[PDB]
């Protein structure tokens, strides 16, 4: 078959892949990005389509404008299980037309020298001499089966992790996902009968009975259009998520016009710390494939762009040292862990705590205000549950006279702090990875026991 040579092959054109291509463009490298979907459908994976504005600023990512921005967001309303307590968290964000913005990032990258092949699937990994050296591609637009050699492969295939799962299991880059370390999520976009009240605010409903292990949401895409859905924890033996959706939709969205359904669908959502290493010999993994999703609120589009940024930086470093080993690409880990990874690890622990709380716990915690918005902002943005904040919450929890998991909040905060420092001390070289990973596992397995 025909053979082509590129500096970098990016597999997947989602938020992760497109950002990597964008950040790498116009810097002396010959880059190819491929995606199985047609151009017009790239980026249309079921999503809430809510992304913080801060991510676009930090990474120098172009703001979503025109038809790419459906609704401006100025905050989030958080509802208690009994709907009695409502927390308001202010902050600027965007409700996106995800495919439209995704395709512009691709189009701009293409205008900057990046070659993009749609309707192209990476079938077989080229793994020779202990290295990832490219992939076999099938372009069904031209019915060609091409062999493409690259110095670095950027695996950005989303939750399917379809490419790296075909690599030898001895590679640390083939680390798989535990069922309980993920959520299944489902959403629909419908027009509403009445205009949406406070349509510039997202709505999140916490309820372990209507959405166990996750939450319900109501994300306005306009004055009369809303992205409504839910997420539940996988590996728990829960019935189909659509059973939950169909049963409790009217409670969280009584205003929707069910005859005006625009889109519907669901997918898997990783909810844990990222891959212990997101780089190895000749390969970097980003996005959902590298588990870059926020373990608490399930947001992954912002951190996917971050992973693409770090992938670009690491690859440039590799070419400047002529070293495409794990060691040569190791800055990928250092960059991402400091930018978002260390936060994920802390929130990974906090998630396990939150998912085991009862509705009574959450009702009590919110009504009695165990934490304030100043620290809630600090919590899900820096991953830090300050010990002073936990102490203040524990003094309130001490007023509870019934048995509750809430009483372990101080211990949870200490565990979050411990694993946070452990990730900030990420191994400088691949030779220290195994020792560090086992130390992380010990912290996690210990914490799981402490919740019982």
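Residue numbers count along the first chain shown, from 1.
As the entry records it, the average C-alpha temperature factor is higher for 249-257, out of 249-257 and 98-106. If you average the C-alpha B-factors over 275-283 and over 360-368, the higher value belongs to 360-368. As recorded in the PDB entry, 223 shows the highest C-alpha B-factor of the residues 352, 313, 223, 133. The entry assigns its greatest Cα B factor, within the set 404, 415, 36, 40, to 40. Residue-level temperature factors show residue 422 in the middle third of its chain, judged at the C-alpha atom. Sorting the modelled residues of the chain by their CA temperature factor places residue 205 in the middle third.
Among the modelled residues of the chain, residue 243 sits in the middle third by CA temperature factor in this PDB entry. Remark: residue 143 belongs to the highest third of its chain, ranked by C-alpha B-factor as recorded. Looking at the C-alpha B-factors along this chain, the one for residue 169 belongs to the highest third.
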